[PDB]
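Taking it in order: structure first as structure tokens, then the write-up.
Ideal geometry is used to build each Cβ from the backbone, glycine not excepted, and the neighbour counts take in all protein chains shown. None of the figures in this text is laboratory data; all of them are computed from the coordinates on show.
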Amino acid sequence: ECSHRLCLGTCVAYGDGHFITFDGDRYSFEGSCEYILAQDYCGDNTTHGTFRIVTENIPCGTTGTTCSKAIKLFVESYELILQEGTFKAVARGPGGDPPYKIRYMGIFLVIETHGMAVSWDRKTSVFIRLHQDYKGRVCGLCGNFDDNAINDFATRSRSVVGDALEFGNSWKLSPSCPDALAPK
Amino acid sequence: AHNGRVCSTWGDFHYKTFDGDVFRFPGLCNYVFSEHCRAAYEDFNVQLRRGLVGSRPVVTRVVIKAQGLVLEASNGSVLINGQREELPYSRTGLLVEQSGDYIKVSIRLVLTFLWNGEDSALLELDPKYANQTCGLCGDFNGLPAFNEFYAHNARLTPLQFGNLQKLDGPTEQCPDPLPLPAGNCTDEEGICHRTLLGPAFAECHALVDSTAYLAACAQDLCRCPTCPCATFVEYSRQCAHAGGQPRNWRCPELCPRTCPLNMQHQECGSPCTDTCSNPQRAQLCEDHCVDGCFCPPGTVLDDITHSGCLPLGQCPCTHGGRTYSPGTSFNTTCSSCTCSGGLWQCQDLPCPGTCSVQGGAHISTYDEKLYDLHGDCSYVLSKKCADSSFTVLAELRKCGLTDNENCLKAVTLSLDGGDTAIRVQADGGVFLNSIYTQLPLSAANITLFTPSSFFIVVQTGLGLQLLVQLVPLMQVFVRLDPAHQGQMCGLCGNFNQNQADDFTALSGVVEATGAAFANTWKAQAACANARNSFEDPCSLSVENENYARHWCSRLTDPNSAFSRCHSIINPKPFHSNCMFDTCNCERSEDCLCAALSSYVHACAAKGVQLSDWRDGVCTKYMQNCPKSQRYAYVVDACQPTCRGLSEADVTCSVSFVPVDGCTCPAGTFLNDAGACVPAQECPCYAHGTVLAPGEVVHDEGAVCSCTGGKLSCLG
Ligand SMILES: *[C@@H]1O[C@H](CO)[C@@H](O)[C@H](O)[C@H]1NC(C)=O
Ligand SMILES: *[C@@H]1O[C@H](CO)[C@@H](O)[C@H](O)[C@H]1NC(C)=O
Ligand SMILES: *[C@@H]1O[C@H](CO)[C@@H](O)[C@H](O)[C@H]1NC(C)=O
Ligand SMILES: *[C@@H]1O[C@H](CO)[C@@H](O)[C@H](O)[C@H]1NC(C)=O
Ligand SMILES: *[C@@H]1O[C@H](CO)[C@@H](O)[C@H](O)[C@H]1NC(C)=O
Ligand SMILES: [Ca+2]
Ligand SMILES: [Ca+2]
Ligand SMILES: [Ca+2]
């Protein structure tokens, strides 16, 4: 007999491109451009959604194998770039109080939004923990959080594929960017 | 925005530094256009070479060195680390493209280099490079007029300044440009003043001063009169980069531009052109105005077939590299998706769930939660745990020295709460209620028959179908009418389209790993609990290593027969299965071919007819067939029998995934003796009486004939 407290869904984006989406699916994708790690901006109405998280692989001393990440935590009209070891703020829209909070959780930058907490190890792993409210209404490379892991390979046009490369290639920000070839 | 993190080079040798300076410098050699030179380790080294095209001042070669990457742009071509590359070329942190009218090289967190190809070239630099750069672009300290031109406390002319930042070739001695004599012309017609001070750049007057640009426009007027618009273009770029919105100044006479039929040439268009591949890219962009071709609002770009900007609801869709004009549909085995609304509108056809146990150890459940099970007991493979309607049991037995060497040994379908028990062994023996029963058998709606010598089909009316493989070893497959969704229990999971609930035990919690979950479903309390296995048997024998590698690699080979299913089923778990089996299997060929057969059968379940994959492998399963039979890759029906063609058969009314195996060839039939003879040699059967072929007989006032095994009666 277990207490019935809700538990936060968890997406994990780490390493050379391993992802463990919200629904528990696991795969590997070696992408080089900017990829939407999450967003509410997918639906018959995009504009009732709030946040958006993009990531891409920074090399820290060369242009080769990845060494760190670059996160873009958009929250409504705000914005936070996570790179190079700390955060920034490029707030452009309405200038109210922050809908986020920032904390130094051990070896992590943790940024909360009262229902959506992002933890960044400051080098290459991102763990995102969401409230149960956002269930089924998110998308990107952390699946759609529907407790249905088979169809989490749902691309931009929601054409569930059996391949990881197409699913990753769908969520690149700039269509000009070249698609990643076969990972080796 | 990009307030003072920009430098530029345009037109008749006009250089603009980060902090706002402008000066003309008619150099004609290689120069350090910018460089990280006040740091212990340099990050970027961008150099320009300026030359003449007949008389036009151009940039003939750029050499960007950054973080061990060398990028030489010249002659309309790009060299990346010494090798020519086709645009666009992208890598971690780097991307070079032919975007718009230019060549843009963005080295993320380092720089953004635009090069129009002939004369313009613009650098955006990170804010962290302030005060640590040196070159024609200045020092990036923010102070324009005071610190670029003081070489040891002496003020220099732009000729001297540009001559300081000079760099000869290894064997080259390029001179310095002798000062140009006085100018003439100025803006007599007032074109520079009329345009630059005109309406278009109104708010640009609030960000970037036009004095130097006015002078440069006049000076270019002194040069050819088809090349005065370079300064206006540069002022547009600078105004856009400061943050202001430039307005369209181009008129059919003022350096007219052209764009494709659906694309308009705009100054200050949104950089992220929405395109129905990503029709909402332009939602929350961050980038200032950019000039180029754009689309009228509403009709996003079509980057899928390049038909120009197209309406959102008439542009194609893409699936697996295949183009689908909107209006088309494509149905998978499990769902159908139509290309409409700029998206895929997907509905689901009902899909029978599929559990399977392959290799005697690996289990792929209904939720497709593949997991390994090294156990030695009878495990409840599946059970509608509301009732005891059906209960598929599997007995997994240890087959070697190692505790992780298992083989499936039986499949015991209990039924009606244990009233009936159909037990398929590993030799092919089928026991109905613990009594030998040959095949086929049709009773109590249960139908047992062999589509081929490799498989046994146990079809029931309760909903589940068992398809059991005997050759090359024992594997089991289970199909469920989707009606039982979210109702079952057992090893194969509750079939509710959720991979995180598959390890739900009878105690209401999700179990951790495979073996810990399985040890709750053992049939007998006296069994030994399964144990988690980390040690890969592949590490033991190097010859086993090379054998398993060289054969199981046939799975992921893109030129292999299996490639046709790669774009549908990810073959990584199947390759892991093949590796683990072959390395651990005493009969390496048996487990190897079992893995390959498993991959083929799974793919054929998804609806792909993999064929001829046994090239130089597993051919001893071609040859070992029973006499008068033969192999067949697509066996997709019952077995053609003389009795069946004579008097129909309940057997052939069962739909099962097309398995391969040994069967009689087409145009032949197997008589009750089992030998394979053509139709002419097998008899028609009336009332169970063997009525020989081609034989006219009398019965009940009627005359009958047996033609080609077919019975006909007259009168
Ligand atoms: C949401 O989208 C529907 C069409 O799918 C449209 O009819 C409706 O007006 C939209 N609502 C908002 C608030 O944009
Ligand atoms: C550029 O390269 C081409 C060959 O690719 C060559 O024919 C041409 O002369 C070069 N220069 C120019 C200005 O096109
Ligand atoms: C910039 O560098 C100069 C060079 O010595 C130094 O004097 C000055 O303090 C520096 N200022 C900033 C803001 O970096
Ligand atoms: C699946 O699509 C094909 C191509 O449009 C069509 O021929 C076929 O009938 C469809 N299957 C159905 C409708 O069951
Ligand atoms: C099928 O099952 C029903 C219900 O148990 C039973 O009455 C019937 O005899 C079985 N056989 C046939 C041929 O219907
Ligand atoms: Ca899902
Ligand atoms: Ca300065
Ligand atoms: Ca499940």
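Of note:
- Boolean, A:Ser77 is crowded, with 17+ Cβ neighbours inside 10 Å and not hydrophobic (A, V, I, L, M, F, W, C): no
- Selected residue (criterion: farthest from B:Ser329 (Cα to Cα)) from residues of segment A:155-165 that are touching a residue at least 12 places away in the same chain (Cβ under 8 Å) and at the interface with chain B (Cβ under 9 Å from one of its Cβ atoms): A:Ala164
- Qualifying residue in segment B:318-329 (condition: within 16 Å of ligand 4 (Cβ to nearest atom), polar (S, T, N, Q) and at the interface with chain A (Cβ under 10 Å from one of its Cβ atoms)): no
- Of the candidates B:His205, B:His152, the single residue that is more than 16 Å from ligand 8 (Cβ to nearest atom) and not in a loop (DSSP other than H, G, I, E, B) is B:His205.
- Conditions (1) closer than 27 Å to B:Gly342 by Cβ; (2) touching a strand residue (DSSP E or B) at 6+ places or on another chain (Cβ under 8 Å); (3) more than 14 Å from chain A (Cβ to nearest Cβ); number of the one not met by B:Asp274: (3)
- In this entry, B:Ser560 passes the filter for residues that are more than 16 Å from ligand 1 (Cβ to nearest atom), within 29 Å of the chain's Cα centre (by Cα) and not aliphatic (A, V, I, L, M).
- Qualifying residue in segment A:79-95 (condition: within 12 Å of another protein chain (Cβ to nearest Cβ), touching a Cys at 6+ places or on another chain (Cβ under 7 Å) and assigned to a loop (DSSP other than H, G, I, E, B)): no
- Residue match in segment B:416-428 (condition: buried (at least 16 other Cβ atoms within 10 Å of the Cβ), of a type in the set (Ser, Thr, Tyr) and closer than 23 Å to B:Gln629 by Cα): no
- Any hit, segment A:101-109, residues being within 12 Å of chain B (Cβ to nearest Cβ), closer than 19 Å to A:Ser125 by Cβ and surrounded by 13 or more Cβ atoms within 10 Å (Cβ to Cβ): no
- Here B:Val650 meets the list (1) touching a helix residue (DSSP H, G or I) at 6+ places or on another chain (Cβ under 9 Å); (2) in contact (Cβ under 8 Å) with a residue 40 or more places away in the chain almost entirely, failing just condition (1).
- Check on A:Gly31, more than 11 Å from every other protein chain (Cβ to nearest Cβ) and closer than 20 Å to B:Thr92 by Cα: no
- Number of the exception - B:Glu543 against (1) part of a helix (DSSP H, G or I); (2) of a type outside the set (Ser, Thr, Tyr); (3) in contact with a helix residue (DSSP H, G or I) (Cβ under 8 Å, 6 or more places away or on another chain): (3)
- Candidates are the residues of segment B:660-685 that are of a type in the set (A, V, I, L, M, F, W, C) and not in a loop (DSSP other than H, G, I, E, B); the one that is farthest from B:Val471 (Cα to Cα) is B:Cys684.
- Residue match in segment A:168-180 (condition: surrounded by 19 or more Cβ atoms within 10 Å (Cβ to Cβ), of a type outside the set (A, V, I, L, M, F, W, C), within 15 Å of the chain's Cα centre (by Cα) and at the interface with another protein chain (Cβ under 9 Å from one of its Cβ atoms)): yes
- Candidates B:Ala66, B:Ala73, filtered to the one that is buried (at least 18 other Cβ atoms within 10 Å of the Cβ), at the interface with another protein chain (Cβ under 10 Å from one of its Cβ atoms) and among the small types (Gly, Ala, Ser): B:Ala66
- Residue in segment A:46-63 that is outside any loop (DSSP other than H, G, I, E, B) and surrounded by fewer than 21 Cβ atoms within 10 Å (Cβ to Cβ) present: yes
- Of all residue pairs spaced 6 or more apart or on separate chains, those with beta-carbon atoms under 7 Å, a first member in segment B:277-299 that is within 12 Å of chain A (Cβ to nearest Cβ) and a second member that is among the aliphatic types (A, V, I, L, M) and surrounded by 20 or more Cβ atoms within 10 Å (Cβ to Cβ) are B:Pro279/B:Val300; B:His288/B:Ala240.
- Failed condition for B:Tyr324, given (1) surrounded by 18 or more Cβ atoms within 10 Å (Cβ to Cβ); (2) within 16 Å of ligand 6 (Cβ to nearest atom): (2)
- Every residue from segment B:107-135 that is under 30 Å from A:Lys88 (Cα atoms), over 38 Å from the mean Cα position of the chain (by Cα) and in a loop (DSSP other than H, G, I, E, B): B:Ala130, B:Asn131, B:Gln132, B:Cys134, B:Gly135
- Residues that are in a loop (DSSP other than H, G, I, E, B) and on the phi < 0 side of the Ramachandran plot, drawn from segment B:585-612: B:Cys585, B:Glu586, B:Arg587, B:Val608, B:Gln609, B:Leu610, B:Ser611
Conditions (1) surrounded by fewer than 19 Cβ atoms within 10 Å (Cβ to Cβ); (2) aliphatic (A, V, I, L, M); (3) within 16 Å of ligand 1 (Cβ to nearest atom), marked per residue:
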position	(1), (2), (3)
B:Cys268	no, no, no
B:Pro271	no, no, no
B:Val290	no, yes, no
B:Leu301	no, yes, no
B:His306	yes, no, no
B:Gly342	no, no, yes
B:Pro352	no, no, no
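- Index of the failed condition, B:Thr402 passing every other in (1) more than 22 Å from B:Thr365 (Cβ to Cβ); (2) surrounded by 19 or more Cβ atoms within 10 Å (Cβ to Cβ); (3) polar (S, T, N, Q): (2)
- Of all the residues in segment B:1-49, those that are under 44 Å from the mean Cα position of the chain (by Cα), closer than 20 Å to B:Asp209 by Cβ and away from ligand 3 (no atom under 16 Å from the Cβ) number 7.
- Check on A:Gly143, in a loop (DSSP other than H, G, I, E, B) and at the interface with chain B (Cβ under 8 Å from one of its Cβ atoms): no
- Residue in segment B:38-57 that is touching a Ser or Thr at 6+ places or on another chain (Cβ under 9 Å), within 14 Å of chain A (Cβ to nearest Cβ), among the aromatic types (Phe, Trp, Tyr) and more than 16 Å from ligand 1 (Cβ to nearest atom) present: yes
- Strands (runs of 3 or more DSSP E) contained in segment B:1-105 and holding at least 3 residues more than 16 Å from ligand 7 (Cβ to nearest atom) and within 21 Å of A:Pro59 (Cβ to Cβ): B:44-53, B:56-66, B:69-74, B:77-80, B:89-91, B:94-97
- Which listed residue is of a type in the set (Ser, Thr, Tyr) and away from chain B (no Cβ under 14 Å), from A:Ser119, A:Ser68: A:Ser119
- Residue satisfying all of: in segment B:121-138; surrounded by fewer than 21 Cβ atoms within 10 Å (Cβ to Cβ) and either away from every other protein chain (no Cβ under 14 Å) or near ligand 7 (Cβ under 8 Å from one of its atoms) (or both); nearest to B:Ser34 (Cα to Cα) among these: B:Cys134
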